[PDB]
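What follows is a short report on a single structure.
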Amino acid sequence: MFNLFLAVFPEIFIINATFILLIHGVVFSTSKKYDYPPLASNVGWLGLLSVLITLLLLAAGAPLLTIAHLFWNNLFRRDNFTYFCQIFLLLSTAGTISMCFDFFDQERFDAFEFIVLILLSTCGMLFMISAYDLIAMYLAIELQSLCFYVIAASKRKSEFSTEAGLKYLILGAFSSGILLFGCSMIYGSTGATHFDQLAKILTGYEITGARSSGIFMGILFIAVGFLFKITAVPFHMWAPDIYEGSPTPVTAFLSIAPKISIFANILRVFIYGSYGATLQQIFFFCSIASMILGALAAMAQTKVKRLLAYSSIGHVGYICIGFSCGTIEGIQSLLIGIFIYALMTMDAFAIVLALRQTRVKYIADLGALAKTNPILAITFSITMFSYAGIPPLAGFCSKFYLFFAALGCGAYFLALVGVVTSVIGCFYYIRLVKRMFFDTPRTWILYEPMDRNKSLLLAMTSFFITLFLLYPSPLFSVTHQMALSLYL
Amino acid sequence: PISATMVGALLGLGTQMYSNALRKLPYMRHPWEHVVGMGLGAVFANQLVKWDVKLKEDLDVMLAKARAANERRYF
Amino acid sequence: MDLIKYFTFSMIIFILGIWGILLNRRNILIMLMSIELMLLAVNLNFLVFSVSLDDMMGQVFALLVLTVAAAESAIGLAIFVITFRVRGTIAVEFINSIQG
Amino acid sequence: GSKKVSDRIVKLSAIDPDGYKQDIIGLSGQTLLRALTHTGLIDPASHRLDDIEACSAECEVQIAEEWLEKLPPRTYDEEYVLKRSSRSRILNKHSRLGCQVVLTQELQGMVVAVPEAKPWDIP
Amino acid sequence: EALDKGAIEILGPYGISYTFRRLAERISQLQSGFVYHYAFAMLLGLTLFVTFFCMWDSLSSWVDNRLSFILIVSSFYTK
Amino acid sequence: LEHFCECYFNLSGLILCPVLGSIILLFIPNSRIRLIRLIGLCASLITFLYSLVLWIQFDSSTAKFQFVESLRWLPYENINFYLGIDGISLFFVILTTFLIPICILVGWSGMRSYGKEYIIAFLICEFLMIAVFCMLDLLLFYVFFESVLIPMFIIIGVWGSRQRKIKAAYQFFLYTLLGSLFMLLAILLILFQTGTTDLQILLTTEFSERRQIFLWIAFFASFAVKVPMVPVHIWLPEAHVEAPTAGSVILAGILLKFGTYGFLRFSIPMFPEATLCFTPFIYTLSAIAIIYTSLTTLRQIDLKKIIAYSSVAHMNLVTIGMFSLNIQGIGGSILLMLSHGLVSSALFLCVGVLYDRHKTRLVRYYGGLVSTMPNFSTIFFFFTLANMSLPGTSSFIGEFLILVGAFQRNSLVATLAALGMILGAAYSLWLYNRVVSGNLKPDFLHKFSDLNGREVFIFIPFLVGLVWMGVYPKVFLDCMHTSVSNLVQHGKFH
Ligand SMILES: CCCCCCCCCCCCCCCCCC(=O)O[C@@H](COC(=O)CCCCCCCCCCCCCCC)COP(=O)(O)OCC[N+](C)(C)C
Ligand SMILES: CCCCCCCCCCCCCCCCCC(=O)O[C@@H](COC(=O)CCCCCCCCCCCCCCC)COP(=O)(O)OC[C@H](O)CO
Ligand SMILES: CCCCCCCCCCCCCCCCCCCC(=O)O[C@H](COC(=O)CCCCCCCCCCCCCC)COP(=O)(O)OCCN
Ligand SMILES: CCCCCCCCCCCCCCCCCCCC(=O)O[C@H](COC(=O)CCCCCCCCCCCCCC)COP(=O)(O)OCCN
Ligand SMILES: CCCCCCCCCCCCCCCCCCCC(=O)O[C@H](COC(=O)CCCCCCCCCCCCCC)COP(=O)(O)OCCN
Ligand SMILES: COC1=C(OC)C(=O)C(C/C=C(\C)CC/C=C(\C)CC/C=C(/C)CC/C=C(\C)CCC=C(C)C)=C(C)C1=O
Ligand SMILES: [Fe+3]
């Protein structure tokens, strides 16, 4: 009996460690004897340790995660794809946590519950990746969402943070209701919620004239929920406001991990299921809309956070092009784009968090940065050029596959749109470089140097961004492996 | 020649220096950290090369199974 | 005709929630209430289908969805409370400062 | 010494959101925002540059038309910032961006109303 | 003056910059800051999804794809 | 397949030289200005000598690629990349390696404020441009060309003289990136047919007349922006004027040549039928550019603006030559490319000598400089003559060989192209006489200094090269004929 639970050792450990940290934090934060010490950094270090131990347990027990698969079948499904997805999610959570300590001590954000909520949301996203039934998927999505709602409003006396939370909760709850409605329609039409059963029922028919309008609209509503989650246009406008109004570590965490988890879900639901061309057209139209609107709106922005939010919207458009074309290379390119976008976003938010110690808000606040911190201005410039997709930086991979998918599938309008939006993006990315290197403002802002954690993370992500295309084989192989494991 | 150990050691040393520079510290502020970084970089690079070999090995079998499943169509 | 009548009941509840979103641009509390109405309609959809299909999966998920609805309302009303506390008012013109 | 700071000083009066009138001091050639930040009437941390690209109307002031005729007319960008920063999205005809008003000797005695501070410190 | 700094600038960097600035301006204004607009947009997107992707069976008798995309673009030139 | 070459001096080490210089300079404190200056200068000079050696081991009888060596990207070996040169690319490698030390020398006096970033940017540019000229693969040609945009952007924006450098840099980056994206689209369409981007294979595949038309247009959209051809030439005056002196030298002398190199290297041999179909189109565009841009040059009031507009007329003559598709045409196009790279660079250096002292580009302020700067006046006159294609100078050889090539194909295009002899003389002599001749205007300028030793030394190799190519172009043409001949014949078998 005990050995059956080897399939959930990683999750058991992280949940138990989260409980231990909750108890530790609440017991000593309330201690008069110890004079109510702030425990955000102490619990943060212990939680980083817990995340790393979870990663060790998961990575080193690759075969064991598939033990007792028949017993666990109606609860979740662990395979090669979920293996690598969960590893990448844990690595992202560890990096995001490591970027938070200067924020904890200098702002004096003393709430250790922040770390606990991050860990519980990580548990939720882990269960999201392995979900193999509509019920499990919904429950894990809701756990993740509720944790985000709470942490988005963590600055509870701030107008901005409270506004972010309110908008997030209302729009999140609305989208979740729409998705749940879709799930109910699919169950009513097919008598099934398990992904295997849905695959068997729906395969071979798609729209064979006598199409289940119940099945067709259930798929549509579920897709609407998914598109809200990935911040695809027109279900996107929550994202810029929430990203700007939340505390910056929250914004960094939301920018990466939920995308990993929800794309895992989207792959395993749609790609593994079957209504077909309709849904790929959904993601097609939403990709084009996201690219255009992200480019234009980002061009309008004068503030750093809003610029990065709109940039992420545009990039999810680029990524969803891969899901749309419905090929093994499409899935592989989508995974490559997520990995690279995640490492670039981690780099960018490490810089943003470093600069938030002097309250960076506007793009113009970067003036004369090439004088006051030359190596920081260069590092940030490499990130921008990578965001623009200039070769041979890592960001060039997404542009290359965008045009690779258009030319082959025959999509000349998509290629047109990609060219235009890439040029617009390059303009608003090099505007930052111009501000740091070319401008001569009358008043300068002198920034405090970053802590060791962010400097090390920045140093590694900056080598990756510059040097990835010298040795890209492991990512290429691992992502081809994952794309294949979805069906075999 | 240019071995994974040497590339990794150079990358680790560069990482420590880049980290010091980002913090506006002298390049060689804590030299024992430079030694630690060279060691970790060498270890990382060697493990990445071995992992790459293993990854290609697994992808080979998996492509083989995909090809067999596809070829079953023409039976 | 039973199944079409049970489904249109839940359907009118869902459409009422949608209309409540549409008609309450100055009243975000009612917007939250409309979202609960939609969640209730979905829950009813699972229960009706469970009976019609003679299957228990609709019933397990209905209970779990009730748990989600409870947690959602708790957290949402907390966020409403803190927004009101910061502003002293619930009017929508005082929660429009993030834009662009 | 034939060149004094007194040669550039511009006498000003500011009415705080509570309505009380205060006599403040600024240099000619510098912005109204700087004069207002000298005594903390506007928080200097909320508006650190004198550039329109780093402005969310934290510098906004209200000036009667007798002094408005003595200023250059509002540019399109200024009105854009003022209107979008308005809670009701309405452009106040007596509103000026303090960071865009350069003090001169001709503005001696100008009366300025400082509205209640808007939230500025993005999490 | 008529070509290099005239027509080629207007149907080039000068004109392009002008139009893309005005359009980025308009798209930024859609992010109005009102939660009601964001919910309305989601409802409109959901309605669009149902309408185009399932209720375009009979439509085709009255409707053409040409007119669809023409009226879309034409909307840009309103007021 | 490992294509490793026997030769000791090869292409990879010449790639590595400025890279190593840049890494070393990364770590040297800005207080050690002398060390930074010397290290950068010496790295550039060693690269130049290495390229000279590469010229000696060159074999002028084969139509093949030489020093071919290979470069292996994945263990799967599906994608493996090759470097190699021929008689069309050799002298461009040499010109790049020669110009970079000149750029380091021009900023010698201001290096205390320039810093190591200036030298590092120029060394990185050198590495990227040599790579571009040495690539036997469409996709890496793409990757290495776009990469130069970043350091060029930085060079223009940081060390440009005035705030117009902002707009100039934006326009340079955006125009060039648009063209580059068009050619990326072309590269992917080719890859879908062939499954490869290796230049040698594409030279041996057959493209449909239809597929050739589309691929040619997509190549043209990059290359015409690069050349530049009208009407996408307007980025060039802004960028080449607002850049610092060495930045202008690199822009005019090397970066402009990349479009004509792309025409010579991929478009003409890969799609000969499309090349034939588009020849009247290219002839018309180039002839319009020569006449209209020369006449615009005549009415410019800024020194740098006059020299920058002159380059548009010269490059479109180059395009006429290369699309004539015979020995005179292609040989003259290559020779004029190299000669322009020397002459326009020297002219930008002359204007920079004037601007460093007086800080104005407006012609009206100058005048009568022959009486205070006779050495500068003489050197300026020599390069003015070279820019008019005076026989005896290097530019005349390429100009006349291109007119020969064009006349044998179409007498009208040769006739329109020979009008350049009249218009270029007009603007060149007008510029020279308004700057150097006449009386001084002491109310504008009253203090003067002729060239120092560094400036004289900088000018010496330009003079030597101009005269050397002008009087004995056989040294260059002998190393190029086999490659040029095989380019002209490619696609036909009679
Ligand atoms: C070719 C790529 C495509 C195009 C993209 C180009 C992107 C860059 C744009 C080029 C234009 C010019 C760029 C100028 C940058 C050069 C100046 C520079 O970065 O110098 C840095 C140097 O920045 C670095 O630290 C770079 C370190 C990266 C390490 C990479 C090398 C890896 C192996 C080396 C092993 C160690 C050294 C071996 C020899 C001792 C000095 O930084 P500061 O902020 O001035 O001061 C730092 C503080 N302190 C000196 C006291 C320590
Ligand atoms: C994609 C191809 C486009 C060009 C097609 C060929 C040419 C067709 C005919 C010309 C079309 C554009 C006509 C523009 C009329 C002038 C509009 C105007 O007012 O000009 C303004 C500038 O705007 C333009 O000229 C528009 C430039 C358009 C250039 C092309 C648009 C963008 C194309 C690229 C993006 C889309 C790519 C699609 C690719 C298929 C000047 O601004 P102002 O405020 O000073 O005007 C005051 C006024 O004169 C009264 O006093
Ligand atoms: C792939 C491209 C090439 C990459 C190059 C690879 C080379 C390997 C790297 C070599 C590293 C060189 C330096 C090693 C010596 C430094 C040792 C750290 C000292 C230490 O204990 O640091 C503590 C902080 O932790 C820290 O600062 C450590 C945390 C740093 C964050 C990184 C790890 C986070 C988790 C994983 C992130 C993954 C993200 C990817 C998605 C205390 O510091 P202190 O004593 O100065 O006091 C700080 C004030 N509180
Ligand atoms: C074999 C070469 C490499 C070995 C490195 C040591 C052995 C590996 C053990 C892990 C080392 C990781 C890096 C340790 C330092 C991490 C960053 C600590 C910096 C910090 O903020 O806290 C400092 C603690 O010092 C410290 O943490 C250092 C405490 C003493 C360690 C230094 C001795 C290293 C021995 C190197 C070879 C010795 C040869 C004989 C065996 C207090 O800083 P502070 O106030 O003390 O002063 C600093 C003057 N800026
Ligand atoms: C045979 C027929 C064909 C033959 C060829 C004819 C071609 C006609 C000419 C087309 C080429 C145009 C190339 C575009 C370059 C635009 C450069 C404008 C940039 C510039 O200098 O001003 C900026 C404006 O950027 C902005 O705000 C605007 C955004 C940047 C512009 C990029 C948009 C281009 C996208 C693609 C357009 C063409 C489609 C291709 C099919 C700065 O402005 P600021 O001062 O306000 O900024 C704040 C300052 N830091
Ligand atoms: C400057 O003058 C003015 C206008 O002009 C732009 C206006 O009209 C408006 C605003 C009114 C509008 C445009 C309402 C329409 C909003 C919609 C459609 C909500 C959808 C959400 C967004 C943000 C747009 C994105 C939607 C797309 C791209 C379509 C869906 C995506 C796919 C193709 C799958 C105002 C106030 C105005 O004063
Ligand atoms: Fe202001």
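Here Swiss-Prot sets the residue numbers for chain F, with the shown residues being 2-495 in order.
Cβ coordinates come from backbone N, Cα and C, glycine included.
According to Swiss-Prot, the protein has these features:
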- F:9-29: transmembrane segment (TRANSMEM)
- F:39-59: transmembrane segment (TRANSMEM)
- F:89-109: transmembrane segment (TRANSMEM)
- F:118-138: transmembrane segment (TRANSMEM)
- F:173-193: transmembrane segment (TRANSMEM)
- F:214-234: transmembrane segment (TRANSMEM)
- F:245-265: transmembrane segment (TRANSMEM)
- F:272-292: transmembrane segment (TRANSMEM)
- F:335-355: transmembrane segment (TRANSMEM)
- F:367-387: transmembrane segment (TRANSMEM)
- F:413-433: transmembrane segment (TRANSMEM)
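Counting Cβ pairs under 8 Å that are 6 or more residues apart, the transmembrane segment (F:118-138) and the transmembrane segment (F:173-193) reach fewer than 3 and are not in contact.
Contact between the transmembrane segment (F:214-234) and the transmembrane segment (F:272-292) holds: at least three of their C-beta pairs are under 8 Å, each pair 6 or more apart in sequence. If you look at the transmembrane segment (F:413-433), the same-chain residues 6 or more away from its ends with a CB under 8 A from one of its CBs are 284, 287-288, 291-292, 295-296, 298-299, 301, 304, 307, 311, 314, 318, 321, 364, 381-382, 385-386, 388-390, 400, 403-404, 407. Cβ atoms under 8 Å from those of the transmembrane segment (F:173-193) belong to residues 139-140, 143, 146-147, 150, 153-154, 157, 203, 212, 215-216, 219-220, 222-227, 233, 236, 239-240, 263 of the same chain, restricted to positions at least 6 beyond its ends. Most Cβ pairs under 8 Å with the transmembrane segment (F:245-265) belong to F:89-109, among the candidate stretches F:9-29, F:89-109, F:367-387.
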